[PDB]
Ligand SMILES: *[C@@H]1O[C@H](CO)[C@@H](O[C@@H]2O[C@H](CO)[C@@H](O)[C@H](O)[C@H]2NC(C)=O)[C@H](O)[C@H]1NC(C)=O
Ligand SMILES: *[C@@H]1O[C@H](CO)[C@@H](O[C@@H]2O[C@H](CO)[C@@H](O)[C@H](O)[C@H]2NC(C)=O)[C@H](O)[C@H]1NC(C)=O
Ligand SMILES: *[C@@H]1O[C@H](CO)[C@@H](O)[C@H](O)[C@H]1NC(C)=O
Ligand SMILES: *[C@@H]1O[C@H](CO)[C@@H](O)[C@H](O)[C@H]1NC(C)=O
């Protein structure tokens, strides 16, 4: 979905491998927890 | 013969097939075999 | 009658499924063939191929008539006729007597 | 050349702990948590 507004609502999570086991989860932005945003917040990630 | 009266209404081929496989082979009685595409049955094995 | 039609011996393994999803509803249509509703006969072929675009025609003949429960076959005289729909051509009718 | 005795004790370090882990844990892992009667192994969304 690639951008802000349209990563919203519900989607399908297909289990194992096959498209007959659809589960329906919501979707949101996940922010990858060790991002490079601030110089302080980039010394965190570059410490690990 | 009274072993047959417990069967009343069953098809004779499940009683004495050697007569009945013979009896179609000498005319009387013939048959047909059609297909019914909507009959529901049980699923098999894999 | 409803219920979908079609395909062959339906293999399902229970060693693969999950305690989960309703196994979808198959948007397949119910398309019964004229040769697979009644018994196939070399006259009823000549009816259908005449009825599928034909303008008008009747034919009386001795056929095999499957009885309503598939036990039995009877033999009788069917006089049937047909005509197209004067408007659309997506159908054509047959009263059977 | 001078490392040879250090490396040969690590080679004896592994063989002791391979035989002790072999006799203490043979066959102990083979249990599952499959679904009810199926072939699927049951996990939760990141669980190994
Ligand atoms: C259905 O049964 C009819 C019974 O008449 C079969 O028609 C006869 O078939 C035999 C051998 O095929 C012929 O010798 C006869 O001349 C046929 N009679 C008529 C009136 O056609 C018919 O073949 C059967 N159809 C199927 C699919 O089994
Ligand atoms: C639609 O039906 C009408 C009659 O309902 C048909 O009219 C016929 O026309 C033919 C000659 O064109 C006449 O011989 C018939 O007598 C008419 N029928 C009637 C009821 O009088 C008309 O032909 C049909 N449409 C088409 C395209 O065939
Ligand atoms: C049964 O009918 C078949 C087909 O006509 C024929 O070949 C066969 O000889 C018949 N059986 C006997 C025992 O005559
Ligand atoms: C069809 O009609 C004729 C004439 O009325 C009759 O003799 C014949 O028995 C009928 N056909 C059948 C299969 O009964």
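Protein chains in written order, with the entry's author numbering: chain L, 962 to 1009; chain E, 867 to 912; chain H, 530 to 626; chain D, 194 to 241. For every residue, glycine included, the Cβ atom is placed at its ideal position computed from N, Cα and C.
C-beta neighbour in chain H for residue i, strict 8 Å
i: residue 901 of chain E; result: yes
i: residue 210 of chain D; result: no
i: residue 873 of chain E; result: no
i: residue 906 of chain E; result: yes
Closest Cα partner of residue i within the set the options
i: residue 599 of chain H; options: E:899, E:893, E:874 and E:911; result: E:899
i: residue 965 of chain L; options: L:995, L:998 and L:990; result: L:990
i: residue 614 of chain H; options: H:606, H:607 and H:623; result: H:623
i: residue 901 of chain E; options: H:536, H:579, H:607 and H:558; result: H:536
i: residue 577 of chain H; options: H:562, H:544 and H:590; result: H:562
i: residue 237 of chain D; options: L:1001, L:984, L:1007 and L:999; result: L:984
i: residue 968 of chain L; options: L:979, L:996 and L:986; result: L:986
Min CB distance residue i to chain L below 8 Å
i: residue 542 of chain H; result: no
Unbroken alpha helix (DSSP H) run spanning residue i, endpoints
i: residue 200 of chain D; result: 197-218
i: residue 886 of chain E; result: 883-889
i: residue 603 of chain H; result: Per DSSP, residue 603 of chain H belongs to no alpha helix (DSSP H); it is in the beta strand (DSSP E), 602-613.
i: residue 1001 of chain L; result: 1000-1006
Beta carbon proximity, residue i to chain D, threshold 8 Å
i: residue 546 of chain H; result: yes
Element boundaries [beta strand (DSSP E), containing residue i]
i: residue 621 of chain H; result: 621-625
i: residue 575 of chain H; result: Not the beta strand (DSSP E): residue 575 of chain H falls in the alpha helix (DSSP H), residues 573-580.
i: residue 590 of chain H; result: 586-595
i: residue 974 of chain L; result: 971-975
i: residue 985 of chain L; result: 983-987
Cutoff 8 Å: residue i Cβ touching any chain E Cβ
i: residue 613 of chain H; result: no
i: residue 602 of chain H; result: yes
i: residue 597 of chain H; result: no
Legend entry - Any residue whose CB is nearer than 6 Å to a heavy atom belonging to ligand 4, listed in chain order: H:591, H:604, H:605 and H:606
Inset, instruction - Check distances from the C-beta atoms of the stretch 549-572 of chain H to those of chain L and list, in chain order, the residues that come in under 8 Å. - result: 549, 550, 552 and 553
Inset, instruction - Using a Cβ-Cβ cut-off of less than 8 Å, give me the residues of the stretch 213-233 of chain D that come near chain H, in sequence order. - result: 228, 229, 230, 231, 232 and 233
Inset, instruction - Output, in sequence order along the chain, the residues in the stretch 979-994 of chain L whose CB is closer than 8 Å to any CB in chain H. - result: 981, 982, 983 and 984
Inset, instruction - List in chain order the residues whose CB is within less than 7 Å of at least one heavy atom of ligand 2. - result: H:584 and H:615
Legend entry - Contacting positions in the stretch 876-897 of chain E - beta carbon closer than 7 Å to chain H: none
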